[PDB]
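Consider the single chain below, provided in structure tokens and representing the form deposited in one PDB entry.
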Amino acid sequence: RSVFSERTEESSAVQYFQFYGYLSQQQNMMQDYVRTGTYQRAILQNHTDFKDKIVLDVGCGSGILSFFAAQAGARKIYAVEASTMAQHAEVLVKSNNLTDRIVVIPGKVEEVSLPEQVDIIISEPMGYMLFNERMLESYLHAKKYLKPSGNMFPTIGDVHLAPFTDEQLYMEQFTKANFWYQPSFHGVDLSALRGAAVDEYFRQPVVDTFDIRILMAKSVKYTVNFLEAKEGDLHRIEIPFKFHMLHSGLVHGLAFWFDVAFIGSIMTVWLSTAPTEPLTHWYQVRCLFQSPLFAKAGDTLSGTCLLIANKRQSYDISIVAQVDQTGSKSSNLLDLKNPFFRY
């Protein structure tokens, strides 16, 4: 089998590539000006990294990044795409008179064969919390086509996590779960399922944005170097943390966001999804605790955020956190595949 199939449930792959086969979704990604513009800036301002070079675009979709590479003077670009969007990319390559420079290769990057090794790999494989969709693994897998001296755009990825307080959000989810608390819904006693319901709602990472004032400690950083990492490194991601609490209050969970860096020869360009930066279509992600932890300012909040890759192109998240001064511990399970889009 291919590396993709061996790690991916068929149902998930079918659904996944059907999602990206729609022009409306491509439009949605393209209209994220921060993203699209920052990519174009990272590529054009490092034009020497592309000038007369061989390029691989992993998961090119409509092909916009391959066009940026073409603008930067790349002589040959292999644009790999597994969804049917590949046909639409071909249309744009012809209508933009770039048939001699951009070559669409339909299929999964783990299964196609490229005619030659490339000087640089470009891609946008970041999902929610950076790791959702497991496309970073495809990105890393594609390094089998990278020359020894090769480069990756983006080059590194930073995941930031920080504790937050937000009673409204907490109560908003708790209210949804308490439906299953009723002893007589149309005469039916549902309460025996309330535990299972709370679990289910709190299993949902919350995707949306927020005021930075809800953050109770400076973030902890976890970095993935795309030039150095291997695929298998992402099957199990262990992020330890030790927060020094800047404010007193209830910690309702952990907030996540990510930065990527295009480390080019001319300059390094950053693409950030932090809540201190303009909103992107990645927003930010929050994992709620079923029971918040009370912490005093100056306390230490320690524990681990554990990501286990599953066959549905996503991760099982286990977060365990503890207030060191009191031993108050919280353990939580989340399913990154199924988030709650709150925005």
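When you see a residue number, it is the position in the sequence shown, counting from 1. The term rigid core refers to the most C-alpha atoms you can superpose between the two forms while keeping them within 1.5 Å.
The form deposited in another entry is left out here; the points below concern that form.
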Q: After fitting the rigid core, tell me which of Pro183, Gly232, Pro240, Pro115 has its Cα displaced by at least 2 Å between this form and the one not shown.
A: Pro183
Q. Just checking, between this form and the one not shown and with the core aligned, does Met267 shift 2 Å or more at the CA?
A. no
(Q) Using a rigid core superposition, assess whether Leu193 undergoes a CA shift of 2 Å or more between this form and the one not shown. (A) yes
